[PDB]
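Below: one structure, written as structure tokens.
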Amino acid sequence: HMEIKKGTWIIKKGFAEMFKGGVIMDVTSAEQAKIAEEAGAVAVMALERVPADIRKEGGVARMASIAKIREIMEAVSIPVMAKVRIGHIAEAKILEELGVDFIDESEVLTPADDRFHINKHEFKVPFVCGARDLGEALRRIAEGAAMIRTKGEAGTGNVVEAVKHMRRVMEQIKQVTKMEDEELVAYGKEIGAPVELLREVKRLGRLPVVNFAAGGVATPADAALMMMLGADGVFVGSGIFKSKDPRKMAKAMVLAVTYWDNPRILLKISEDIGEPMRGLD
Amino acid sequence: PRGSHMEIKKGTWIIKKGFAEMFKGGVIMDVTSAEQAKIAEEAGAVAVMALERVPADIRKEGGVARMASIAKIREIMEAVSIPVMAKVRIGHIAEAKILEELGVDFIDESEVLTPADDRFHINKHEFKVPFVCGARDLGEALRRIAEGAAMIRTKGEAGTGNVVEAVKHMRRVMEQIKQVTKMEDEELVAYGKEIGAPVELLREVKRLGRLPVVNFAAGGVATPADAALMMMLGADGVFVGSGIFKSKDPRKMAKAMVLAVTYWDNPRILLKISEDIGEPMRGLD
Amino acid sequence: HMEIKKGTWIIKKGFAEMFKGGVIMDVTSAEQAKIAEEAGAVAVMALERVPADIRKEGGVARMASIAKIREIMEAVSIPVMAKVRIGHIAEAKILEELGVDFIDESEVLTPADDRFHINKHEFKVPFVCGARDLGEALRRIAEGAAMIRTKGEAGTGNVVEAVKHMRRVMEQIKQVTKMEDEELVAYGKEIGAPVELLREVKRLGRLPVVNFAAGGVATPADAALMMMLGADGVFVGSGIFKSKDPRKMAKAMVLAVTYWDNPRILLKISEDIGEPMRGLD
Amino acid sequence: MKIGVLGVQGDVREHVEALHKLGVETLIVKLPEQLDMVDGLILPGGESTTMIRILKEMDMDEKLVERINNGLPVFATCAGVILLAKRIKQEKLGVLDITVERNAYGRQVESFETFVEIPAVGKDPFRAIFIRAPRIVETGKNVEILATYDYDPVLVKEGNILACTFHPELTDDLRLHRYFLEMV
Amino acid sequence: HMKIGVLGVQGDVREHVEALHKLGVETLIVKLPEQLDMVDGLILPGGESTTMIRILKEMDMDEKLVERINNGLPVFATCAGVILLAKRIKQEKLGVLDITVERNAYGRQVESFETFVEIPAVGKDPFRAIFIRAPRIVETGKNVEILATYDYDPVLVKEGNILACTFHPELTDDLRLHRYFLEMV
Amino acid sequence: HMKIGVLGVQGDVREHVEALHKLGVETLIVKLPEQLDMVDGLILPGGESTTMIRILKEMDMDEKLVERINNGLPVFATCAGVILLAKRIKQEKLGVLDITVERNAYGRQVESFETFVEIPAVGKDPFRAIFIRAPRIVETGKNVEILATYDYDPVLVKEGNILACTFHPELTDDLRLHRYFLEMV
């Protein structure tokens, strides 16, 4: 036994590496948490109402009630994530103290700060943030984000924006990979990203943290596509519980992300899945 | 044994500015009845604001929002022992005179009420009772003070349950203050022109390193976390109107607000008072 | 004796620290180099024609002739700098090989690259670049610049732009000094500067390299002003040799930068200086 | 020597700044465990009802009382007095043997400033700023009266407790604060 | 040359594959049953044990993985892998490693820590152990050899041709524990 | 407490002032003659020797600086300082340090190098020596004590209350050579 260190970058960035190849599901109850866990979800996201309802309802979307989060924390053994309004330091402090495994400073909730985000370095618990391109993915990381999720349109059942952005990020990464330093510094100005992180992307040939696809995934095929486009995994909220047979759909999602390059299997898990959410377009 | 008994002075700047210093670290609650005043007082509120209908209802309803009825204000004045504040329409000298005569402890020339004057505000120096005004930045906070305001409240969107504007403005004011703190006189005079604020007050801000009066966060606070955030952003305290009585369990929510403003830097405690608070107002967005 | 290292950052950044409190003079001949050196200049800049003539003449302004530079290198013992067109890697390689002490990728010469600058990290010799604000000063540094010079209008005898920019840079630095990380990342996007360097500025309370005033200094008073505004020293090209008595003017400049806060002395060196260049306005 | 300023609510800054002028080190006391870290405690101005509520909700009251009875030097201004009082004509700490009347002079518009004579700190009168001040209608057996205004005790001393109904911290007169440190 | 497999139904498969490549061995990500017969060694990576077992069963790979292991196939398990192999858990499992494990034994993710541990078998220099929501080995069996421990708990065990640890060596640049595994092939 | 002066007519005055502040001593930037009588020690910083001497003469500080030094004033010179104090140079100078120096002895700026040098007098740990267009000490006098050398050349000498080196300790975080100077006061 010797000196131990907690909440360091290697631990935060590392924790997220464990999620690769998996599916993170939004859950509203302890019952859903269990379905999600039985299905093979790698983690659940605690919410009062899924993205699709957040849209339908309206009003100010804030942090979930502690009660609701404890409910879910006690219902499964897999990590539990909770969303907080952008820039809401207080909500995040509360959540960290509650012991949540991963905070999500998401935009599906009514933003608290209109310009700045939470300075995530101050925290011990890892954060995951959204991005529509390499520029903000990189900015979010500069603020401390240990995991990025390329967002689309929450709760619409349409992968189009997710595709758009996943392609965008991947495209830029690829380009940056072949830029000369002087081009890197210039590009940094263009897309408004820190040159230090660009140099990092250039060497790793990828983002310096795990990147998940999110927003609009409503069917196994959608999940597989996201992986075909280069995602490390997917976040599915409305697409599972807003369908006819959630447990059925859920097991299929988990298998599509794993066997995205296996048509035989993709077809097998698609033979029957129920009726995907109708979606908004 | 009489003791001392020399001349006394009332309604002076030290007394007005001073009275407000006593509110620091506290929560001022909007109240519509004597029953609410009592809940607010039991919860630990440092003062109550007398109204006919809270900001959220002011929005929903519509029409011309004026000064509350004297009856309603007396009701509340007699219900608690903590200071009682009353709002008046911007520029409405008469309403303010009436209120001062009524003995209210703090007049609030607020914008949540249908403005009476479209250009000028009340010349608050003429009064003995202190005034509190709104501001969206250092420029107007400073102008309001030049007119006599003894306390400023950085406003957001009244009755919407959204702290976003409050955050925006609190950050804005604090940012500017910080900057002014490191400006050279010639830069001060120039900045004054830019943000339209009196150079004399800028020189004052530059030395104190802060506003020359108490600054409270207001508008959109609907949960303990929100209140704590406002403090994290540099507020001296918060005004909460709709967020408490528009929730499921007001008394419950109220006690939490009071504690969040005090223990904003204590996660353990913030979590404790958050374990249960009921359902915050739905909010408008 | 042991292992030695050359052209490292500490050596480049360091070399420039030695210039603080001094004046760097543009020189066209070996005779001027000597006047400059006798006057107390800390270094000379080799040119075919000073900035004011560069304007008057016209055409494409390039690197000086090797002959002209050798002339000056052999004429004095103080460091000799040479200008190169922006983005002209070849000119810089040639100059480094020639042994010049400091390359100046300046904008007073017809730019060679319209978008990118020279990747200065590849070189052993230090580079000095221009900037009009903290954003580009920081970008230039990210490319390898060991010294920044806040530019104004070359060869016009008008300090106005120099003042404008020196104030601008200093203002921003001051601000950044009191920003919170989340504000730093945001500011970086705004002014297009690398967040890593902003965090550095925030701690040092100043630029991470020497910053000189340049462009339009034509009289001792002008030089003193630049120092009053926070410069580490000044570059004077046209203002000295375009005046009646260069040697006289030169000695005064050197003393103004040193005694900028001494009115008695500033007045003494101003009692007689000759006729400053007429200037263009 | 480290003096504490109870900081659950009130003009904590004003007092902290006074103590700093007197060169002593300070500590804002918010948690119970901090009461055992100071040689003296100042109960600042603010809202008595707020202070007592927080104090109880955080389980600091009973310990504050004990700590005081064990001789901890305390200085109370306005709200502090009401907080310590044994009788009020409202929850309280009940340790200062006096009876107080809240808002005895009227509403805020009634707030006034006058010069009061406090012999114990000098010949020069003290600038007393009474803001919605309380009145001490009855002093106990060991309660020593250090100054009065218009027939009313405005500055009393009982044991290691020093209480006044005005706000010295709003003025630049550090005299009443020295007199307190002299009690430590 | 030898071909080492990395079970890839879910988890930090890349981290391991990259470690093996640094050691110059050829690798194969194992997703289908028929691929278990194509490797000399198998690494059960970090990730979610519940996920791994579910996929493993739904794809009919579990029973064959067990057999294959009992027939002496060299296996290296990190965190999730251990829970997967364990015979007893204080949840479905492969049940081949004779040990009893306690999941999330140190608490939530905020409890995750990194400390230096001494693994004599691989050198004098301590190893950088990164425990992320790690499990605890509360009881080791008869043939279970203990190669290293931290605060009274076995953090690196060896039973037969199985090598299991509760931390993540693949997150560090220390290839030592990976060599030791190849040495078992 | 003692007050050390840093000659500030030109040069890296900040670097030195910051070093002295780390050692907790009070400092004064010396620009005018009358300030030479206000310090217990004086540091002649790096910069341009030709510039320093010119300003020094034009401000009538040279003759008084020389006297003041001969009367035993403790002086610490880095690079330019050495050339300034030197008695012989292979250019105007103060001429008090009994040594002969060769300017730009290693070549142009591209030749500038950093190497570790051993200065026994301040510890066993080598010192990080940064030579930038440094001069070479080609000949030391009778009372000139040699405290350290690099490749056959004295890089740190001591004669009386004068301490001179050809490199820049102020560019590093090693305060050792600066303490050794204060120890001379």
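Chain lettering (A, B, ...) mirrors the order of the structure tokens, residue numbering begins at 1 for each chain separately, and ligand numbering begins at 1 in order of display.
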Checklist entry - For chain C, which residues have at least one atom within 10 Å of chain B, if we go by only C-alpha atoms? Write them as a ChimeraX atom specification, please. => result /C:171,174-176,178-179
For the residues in the current selection, export N, CA and C atoms as a CSV table (one decimal), in the first residue's frame.
```
chain,number,residue,atom,x,y,z
C,171,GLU,N,-4.1,45.8,-22.7
C,171,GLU,CA,-5.5,45.8,-22.1
C,171,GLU,C,-5.9,44.3,-22.0
C,174,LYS,N,-4.1,42.2,-19.4
C,174,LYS,CA,-4.6,42.6,-18.1
C,174,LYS,C,-5.9,41.8,-17.8
C,175,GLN,N,-6.9,41.9,-18.8
C,175,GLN,CA,-8.2,41.2,-18.7
C,175,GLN,C,-8.0,39.7,-18.4
C,176,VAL,N,-7.3,39.1,-19.4
C,176,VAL,CA,-7.0,37.6,-19.3
C,176,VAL,C,-6.5,37.2,-17.9
C,178,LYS,N,-7.3,38.0,-15.1
C,178,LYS,CA,-8.4,37.8,-14.2
C,178,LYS,C,-9.6,37.0,-14.7
C,179,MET,N,-9.3,36.1,-15.6
C,179,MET,CA,-10.4,35.3,-16.2
C,179,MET,C,-10.3,33.9,-15.6
```
Checklist entry - Neighbours of residue 32 in chain F within 10 Å (only C-alpha atoms; same-chain residues fewer than 3 positions away dropped), as a PyMOL selection string? => result (chain C and resi 259) or (chain F and resi 7-9+29+35-36+56+59-61)
What would the file look like if the residues just selected were written as a compact mmCIF listing (two decimals), in the first residue's frame with N, CA, C and O atoms?
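result.txt was written with the following content:
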```
# COMPACT_ATOMS: atom_id res chain seq x y z
N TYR C 259 15.54 56.19 -19.95
CA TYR C 259 15.04 57.17 -19.00
C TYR C 259 13.66 57.70 -19.37
O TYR C 259 13.41 58.90 -19.25
N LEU F 7 21.86 46.90 -11.92
CA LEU F 7 22.14 48.00 -12.84
C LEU F 7 21.10 47.87 -13.94
O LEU F 7 21.02 46.83 -14.59
N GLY F 8 20.33 48.92 -14.15
CA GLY F 8 19.29 48.84 -15.16
C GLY F 8 19.30 49.83 -16.31
O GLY F 8 18.26 50.38 -16.66
N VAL F 9 20.46 50.07 -16.90
CA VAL F 9 20.52 50.98 -18.02
C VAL F 9 20.01 50.25 -19.27
O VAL F 9 19.47 50.87 -20.19
N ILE F 29 16.49 48.96 -8.80
CA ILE F 29 17.04 49.07 -10.14
C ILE F 29 17.87 50.35 -10.19
O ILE F 29 17.35 51.44 -9.98
N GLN F 35 22.30 56.43 -7.07
CA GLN F 35 21.69 55.20 -6.56
C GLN F 35 22.72 54.13 -6.24
O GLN F 35 22.40 53.14 -5.58
N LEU F 36 23.95 54.33 -6.70
CA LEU F 36 25.03 53.38 -6.45
C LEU F 36 25.42 53.39 -4.98
O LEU F 36 25.99 52.42 -4.47
N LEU F 56 26.36 54.34 -19.47
CA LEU F 56 27.13 54.53 -18.24
C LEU F 56 28.00 55.78 -18.29
O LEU F 56 28.08 56.52 -17.31
N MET F 59 25.96 59.18 -18.69
CA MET F 59 25.25 59.54 -17.47
C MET F 59 26.20 59.74 -16.30
O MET F 59 25.77 59.87 -15.15
N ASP F 60 27.50 59.75 -16.59
CA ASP F 60 28.52 59.92 -15.56
C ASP F 60 28.30 58.99 -14.37
O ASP F 60 28.07 59.45 -13.25
N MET F 61 28.37 57.69 -14.63
CA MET F 61 28.19 56.66 -13.61
C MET F 61 29.39 55.72 -13.59
O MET F 61 29.66 55.06 -12.59
```
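Distance-wise, CA of residue 48 in chain E and CA of residue 179 in chain E end up 24.8 Å apart.
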Can you list, as a PDB file with N, CA, C and O atoms, in the first residue's frame, every residue of range 4-245 of chain A that DSSP puts in strand (DSSP E)?
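Printed below is result-v8.pdb as written:
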```pdb
ATOM      1  N   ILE A   4      -2.350   7.150  -2.829  1.00  0.00           N
ATOM      2  CA  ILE A   4      -3.343   6.994  -3.877  1.00  0.00           C
ATOM      3  C   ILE A   4      -3.765   8.357  -4.406  1.00  0.00           C
ATOM      4  O   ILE A   4      -3.663   9.356  -3.704  1.00  0.00           O
ATOM      5  N   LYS A   5      -4.235   8.385  -5.647  1.00  0.00           N
ATOM      6  CA  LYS A   5      -4.692   9.616  -6.275  1.00  0.00           C
ATOM      7  C   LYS A   5      -6.086   9.362  -6.851  1.00  0.00           C
ATOM      8  O   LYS A   5      -6.347   8.300  -7.423  1.00  0.00           O
ATOM      9  N   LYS A   6      -6.985  10.327  -6.683  1.00  0.00           N
ATOM     10  CA  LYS A   6      -8.343  10.192  -7.194  1.00  0.00           C
ATOM     11  C   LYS A   6      -8.678  11.306  -8.179  1.00  0.00           C
ATOM     12  O   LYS A   6      -8.005  12.331  -8.232  1.00  0.00           O
ATOM     13  N   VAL A  23     -23.885   0.739 -25.507  1.00  0.00           N
ATOM     14  CA  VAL A  23     -25.046   1.609 -25.596  1.00  0.00           C
ATOM     15  C   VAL A  23     -25.421   2.155 -24.214  1.00  0.00           C
ATOM     16  O   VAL A  23     -25.500   1.403 -23.235  1.00  0.00           O
ATOM     17  N   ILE A  24     -25.639   3.465 -24.140  1.00  0.00           N
ATOM     18  CA  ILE A  24     -26.032   4.118 -22.903  1.00  0.00           C
ATOM     19  C   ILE A  24     -27.489   4.482 -23.104  1.00  0.00           C
ATOM     20  O   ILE A  24     -27.823   5.156 -24.067  1.00  0.00           O
ATOM     21  N   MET A  25     -28.350   4.038 -22.195  1.00  0.00           N
ATOM     22  CA  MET A  25     -29.781   4.282 -22.311  1.00  0.00           C
ATOM     23  C   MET A  25     -30.385   5.254 -21.310  1.00  0.00           C
ATOM     24  O   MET A  25     -30.043   5.237 -20.128  1.00  0.00           O
ATOM     25  N   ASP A  26     -31.289   6.102 -21.794  1.00  0.00           N
ATOM     26  CA  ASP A  26     -31.985   7.057 -20.938  1.00  0.00           C
ATOM     27  C   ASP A  26     -33.046   6.230 -20.237  1.00  0.00           C
ATOM     28  O   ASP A  26     -33.694   5.394 -20.874  1.00  0.00           O
ATOM     29  N   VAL A  27     -33.214   6.448 -18.936  1.00  0.00           N
ATOM     30  CA  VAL A  27     -34.211   5.719 -18.160  1.00  0.00           C
ATOM     31  C   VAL A  27     -34.936   6.675 -17.221  1.00  0.00           C
ATOM     32  O   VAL A  27     -34.339   7.583 -16.646  1.00  0.00           O
ATOM     33  N   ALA A  43     -24.488   1.516 -19.416  1.00  0.00           N
ATOM     34  CA  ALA A  43     -24.784   2.536 -18.410  1.00  0.00           C
ATOM     35  C   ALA A  43     -26.149   3.146 -18.688  1.00  0.00           C
ATOM     36  O   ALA A  43     -26.663   3.056 -19.803  1.00  0.00           O
ATOM     37  N   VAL A  44     -26.739   3.764 -17.673  1.00  0.00           N
ATOM     38  CA  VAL A  44     -28.044   4.384 -17.840  1.00  0.00           C
ATOM     39  C   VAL A  44     -27.951   5.870 -17.522  1.00  0.00           C
ATOM     40  O   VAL A  44     -27.080   6.298 -16.764  1.00  0.00           O
ATOM     41  N   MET A  45     -28.855   6.648 -18.109  1.00  0.00           N
ATOM     42  CA  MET A  45     -28.910   8.090 -17.905  1.00  0.00           C
ATOM     43  C   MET A  45     -30.228   8.374 -17.175  1.00  0.00           C
ATOM     44  O   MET A  45     -31.311   8.089 -17.694  1.00  0.00           O
ATOM     45  N   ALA A  46     -30.129   8.928 -15.971  1.00  0.00           N
ATOM     46  CA  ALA A  46     -31.305   9.241 -15.161  1.00  0.00           C
ATOM     47  C   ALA A  46     -32.021  10.519 -15.587  1.00  0.00           C
ATOM     48  O   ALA A  46     -31.423  11.601 -15.658  1.00  0.00           O
ATOM     49  N   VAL A  80     -24.342   5.087 -13.369  1.00  0.00           N
ATOM     50  CA  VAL A  80     -25.522   5.920 -13.545  1.00  0.00           C
ATOM     51  C   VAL A  80     -25.063   7.348 -13.847  1.00  0.00           C
ATOM     52  O   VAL A  80     -24.249   7.912 -13.108  1.00  0.00           O
ATOM     53  N   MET A  81     -25.568   7.911 -14.948  1.00  0.00           N
ATOM     54  CA  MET A  81     -25.239   9.278 -15.355  1.00  0.00           C
ATOM     55  C   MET A  81     -26.451  10.175 -15.127  1.00  0.00           C
ATOM     56  O   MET A  81     -27.591   9.711 -15.127  1.00  0.00           O
ATOM     57  N   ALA A  82     -26.202  11.462 -14.938  1.00  0.00           N
ATOM     58  CA  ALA A  82     -27.278  12.424 -14.738  1.00  0.00           C
ATOM     59  C   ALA A  82     -26.920  13.677 -15.536  1.00  0.00           C
ATOM     60  O   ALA A  82     -25.752  14.043 -15.633  1.00  0.00           O
ATOM     61  N   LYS A  83     -27.927  14.319 -16.116  1.00  0.00           N
ATOM     62  CA  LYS A  83     -27.729  15.527 -16.927  1.00  0.00           C
ATOM     63  C   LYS A  83     -27.826  16.776 -16.048  1.00  0.00           C
ATOM     64  O   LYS A  83     -28.486  16.769 -15.017  1.00  0.00           O
ATOM     65  N   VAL A  84     -27.125  17.836 -16.438  1.00  0.00           N
ATOM     66  CA  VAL A  84     -27.195  19.117 -15.733  1.00  0.00           C
ATOM     67  C   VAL A  84     -27.268  20.190 -16.805  1.00  0.00           C
ATOM     68  O   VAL A  84     -26.773  19.994 -17.915  1.00  0.00           O
ATOM     69  N   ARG A  85     -27.896  21.313 -16.482  1.00  0.00           N
ATOM     70  CA  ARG A  85     -28.017  22.409 -17.429  1.00  0.00           C
ATOM     71  C   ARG A  85     -26.644  22.991 -17.716  1.00  0.00           C
ATOM     72  O   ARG A  85     -25.802  23.085 -16.832  1.00  0.00           O
ATOM     73  N   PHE A 102     -21.199   9.839 -13.839  1.00  0.00           N
ATOM     74  CA  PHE A 102     -20.805  10.666 -14.971  1.00  0.00           C
ATOM     75  C   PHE A 102     -21.817  11.773 -15.141  1.00  0.00           C
ATOM     76  O   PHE A 102     -23.010  11.494 -15.283  1.00  0.00           O
ATOM     77  N   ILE A 103     -21.359  13.024 -15.118  1.00  0.00           N
ATOM     78  CA  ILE A 103     -22.273  14.146 -15.311  1.00  0.00           C
ATOM     79  C   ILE A 103     -22.327  14.512 -16.783  1.00  0.00           C
ATOM     80  O   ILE A 103     -21.305  14.516 -17.469  1.00  0.00           O
ATOM     81  N   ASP A 104     -23.523  14.817 -17.266  1.00  0.00           N
ATOM     82  CA  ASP A 104     -23.699  15.195 -18.654  1.00  0.00           C
ATOM     83  C   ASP A 104     -24.204  16.620 -18.731  1.00  0.00           C
ATOM     84  O   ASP A 104     -25.360  16.890 -18.426  1.00  0.00           O
ATOM     85  N   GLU A 105     -23.312  17.533 -19.112  1.00  0.00           N
ATOM     86  CA  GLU A 105     -23.662  18.933 -19.271  1.00  0.00           C
ATOM     87  C   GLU A 105     -24.281  18.928 -20.656  1.00  0.00           C
ATOM     88  O   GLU A 105     -23.591  19.126 -21.644  1.00  0.00           O
ATOM     89  N   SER A 106     -25.582  18.671 -20.730  1.00  0.00           N
ATOM     90  CA  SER A 106     -26.236  18.586 -22.028  1.00  0.00           C
ATOM     91  C   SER A 106     -27.077  19.777 -22.438  1.00  0.00           C
ATOM     92  O   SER A 106     -27.532  20.573 -21.611  1.00  0.00           O
ATOM     93  N   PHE A 127     -17.071  14.363 -16.894  1.00  0.00           N
ATOM     94  CA  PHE A 127     -18.157  15.014 -17.617  1.00  0.00           C
ATOM     95  C   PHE A 127     -18.153  14.577 -19.095  1.00  0.00           C
ATOM     96  O   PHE A 127     -17.116  14.216 -19.666  1.00  0.00           O
ATOM     97  N   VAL A 128     -19.325  14.625 -19.707  1.00  0.00           N
ATOM     98  CA  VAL A 128     -19.470  14.293 -21.112  1.00  0.00           C
ATOM     99  C   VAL A 128     -20.218  15.481 -21.702  1.00  0.00           C
ATOM    100  O   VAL A 128     -21.185  15.953 -21.111  1.00  0.00           O
ATOM    101  N   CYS A 129     -19.747  15.980 -22.846  1.00  0.00           N
ATOM    102  CA  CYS A 129     -20.382  17.119 -23.488  1.00  0.00           C
ATOM    103  C   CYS A 129     -20.668  16.892 -24.956  1.00  0.00           C
ATOM    104  O   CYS A 129     -20.082  16.018 -25.591  1.00  0.00           O
ATOM    105  N   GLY A 130     -21.563  17.711 -25.491  1.00  0.00           N
ATOM    106  CA  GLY A 130     -21.924  17.599 -26.885  1.00  0.00           C
ATOM    107  C   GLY A 130     -21.078  18.467 -27.794  1.00  0.00           C
ATOM    108  O   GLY A 130     -20.426  19.428 -27.358  1.00  0.00           O
ATOM    109  N   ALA A 131     -21.093  18.121 -29.075  1.00  0.00           N
ATOM    110  CA  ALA A 131     -20.329  18.849 -30.061  1.00  0.00           C
ATOM    111  C   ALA A 131     -20.956  18.596 -31.416  1.00  0.00           C
ATOM    112  O   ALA A 131     -21.552  17.541 -31.642  1.00  0.00           O
ATOM    113  N   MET A 147     -15.314  12.924 -22.131  1.00  0.00           N
ATOM    114  CA  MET A 147     -15.996  12.197 -23.183  1.00  0.00           C
ATOM    115  C   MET A 147     -16.893  13.155 -23.962  1.00  0.00           C
ATOM    116  O   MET A 147     -17.564  14.013 -23.397  1.00  0.00           O
ATOM    117  N   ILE A 148     -16.894  12.996 -25.276  1.00  0.00           N
ATOM    118  CA  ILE A 148     -17.675  13.834 -26.163  1.00  0.00           C
ATOM    119  C   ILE A 148     -18.745  12.997 -26.825  1.00  0.00           C
ATOM    120  O   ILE A 148     -18.555  11.807 -27.066  1.00  0.00           O
ATOM    121  N   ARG A 149     -19.887  13.604 -27.102  1.00  0.00           N
ATOM    122  CA  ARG A 149     -20.921  12.878 -27.802  1.00  0.00           C
ATOM    123  C   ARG A 149     -21.333  13.816 -28.908  1.00  0.00           C
ATOM    124  O   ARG A 149     -21.619  14.993 -28.677  1.00  0.00           O
ATOM    125  N   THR A 150     -21.285  13.299 -30.127  1.00  0.00           N
ATOM    126  CA  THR A 150     -21.642  14.072 -31.296  1.00  0.00           C
ATOM    127  C   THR A 150     -23.157  14.002 -31.349  1.00  0.00           C
ATOM    128  O   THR A 150     -23.736  12.946 -31.602  1.00  0.00           O
ATOM    129  N   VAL A 210     -13.122   9.500 -25.817  1.00  0.00           N
ATOM    130  CA  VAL A 210     -14.152   8.685 -26.458  1.00  0.00           C
ATOM    131  C   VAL A 210     -15.234   9.544 -27.094  1.00  0.00           C
ATOM    132  O   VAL A 210     -15.687  10.497 -26.486  1.00  0.00           O
ATOM    133  N   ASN A 211     -15.651   9.202 -28.309  1.00  0.00           N
ATOM    134  CA  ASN A 211     -16.698   9.956 -29.006  1.00  0.00           C
ATOM    135  C   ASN A 211     -17.927   9.081 -29.350  1.00  0.00           C
ATOM    136  O   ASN A 211     -17.856   8.129 -30.135  1.00  0.00           O
ATOM    137  N   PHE A 212     -19.063   9.417 -28.753  1.00  0.00           N
ATOM    138  CA  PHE A 212     -20.280   8.662 -28.981  1.00  0.00           C
ATOM    139  C   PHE A 212     -21.266   9.384 -29.879  1.00  0.00           C
ATOM    140  O   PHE A 212     -21.305  10.615 -29.913  1.00  0.00           O
ATOM    141  N   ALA A 213     -22.064   8.606 -30.605  1.00  0.00           N
ATOM    142  CA  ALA A 213     -23.081   9.159 -31.488  1.00  0.00           C
ATOM    143  C   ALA A 213     -24.301   9.331 -30.600  1.00  0.00           C
ATOM    144  O   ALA A 213     -24.503   8.538 -29.680  1.00  0.00           O
ATOM    145  N   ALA A 214     -25.104  10.360 -30.862  1.00  0.00           N
ATOM    146  CA  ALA A 214     -26.287  10.607 -30.050  1.00  0.00           C
ATOM    147  C   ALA A 214     -27.335  11.467 -30.735  1.00  0.00           C
ATOM    148  O   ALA A 214     -27.003  12.364 -31.501  1.00  0.00           O
ATOM    149  N   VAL A 234     -23.177   4.412 -28.886  1.00  0.00           N
ATOM    150  CA  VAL A 234     -24.299   5.326 -29.045  1.00  0.00           C
ATOM    151  C   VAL A 234     -25.087   5.546 -27.785  1.00  0.00           C
ATOM    152  O   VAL A 234     -25.116   4.693 -26.907  1.00  0.00           O
ATOM    153  N   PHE A 235     -25.724   6.711 -27.725  1.00  0.00           N
ATOM    154  CA  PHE A 235     -26.600   7.096 -26.628  1.00  0.00           C
ATOM    155  C   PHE A 235     -27.994   6.958 -27.230  1.00  0.00           C
ATOM    156  O   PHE A 235     -28.261   7.470 -28.320  1.00  0.00           O
ATOM    157  N   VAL A 236     -28.881   6.258 -26.541  1.00  0.00           N
ATOM    158  CA  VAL A 236     -30.241   6.094 -27.025  1.00  0.00           C
ATOM    159  C   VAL A 236     -31.176   6.444 -25.887  1.00  0.00           C
ATOM    160  O   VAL A 236     -31.105   5.837 -24.819  1.00  0.00           O
TER     161      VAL A 236
END
```
Item to check | residue 95 in chain D environment, 9 Å, only C-alpha atoms, sequence neighbours closer than 6 positions dropped, as a list in words | outcome: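 Final neighbour list, sorted by chain and number: residues 65, 68, 69, 83, 84, 85 and 86 of chain D.
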Next on the checklist: Please identify all residues of chain E having at least one atom at most 7 Å from any atom of chain A, considering only C-alpha atoms, and return them as a list in words.
Outcome noted: residues 9, 10, 11, 12, 46, 47, 48, 50, 51, 54, 108, 109, 110, 111, 112, 113, 114, 115, 116, 117, 132, 150, 151 and 171 of chain E
Against range 139-142 of chain E, which residues of range 148-171 of chain E fall within 12 Å? For each one I want the closest pair of atoms and the distance in Å (one decimal), counting only C-alpha atoms, rows by chain and increasing residue number, as a tab-separated table.
```
residue	atom	partner	partner_atom	distance
E:152	CA	E:139	CA	11.3
E:153	CA	E:139	CA	9.0
E:154	CA	E:140	CA	8.2
E:155	CA	E:140	CA	10.9
E:156	CA	E:140	CA	10.8
E:157	CA	E:140	CA	8.4
E:158	CA	E:140	CA	9.9
E:159	CA	E:141	CA	8.7
E:160	CA	E:142	CA	11.1
E:164	CA	E:140	CA	11.7
```
Item to check | Test item: residues at most 7 Å from range 73-82 of chain F, only C-alpha atoms, excluding those fewer than 4 positions along its chain, as JSON, numbers by chain | outcome: {"F": [40, 41, 42, 43, 44, 45, 46, 47, 48, 49, 68, 69, 86, 134, 135, 161, 162, 163, 164, 165, 166, 167, 168, 181, 184, 185]}
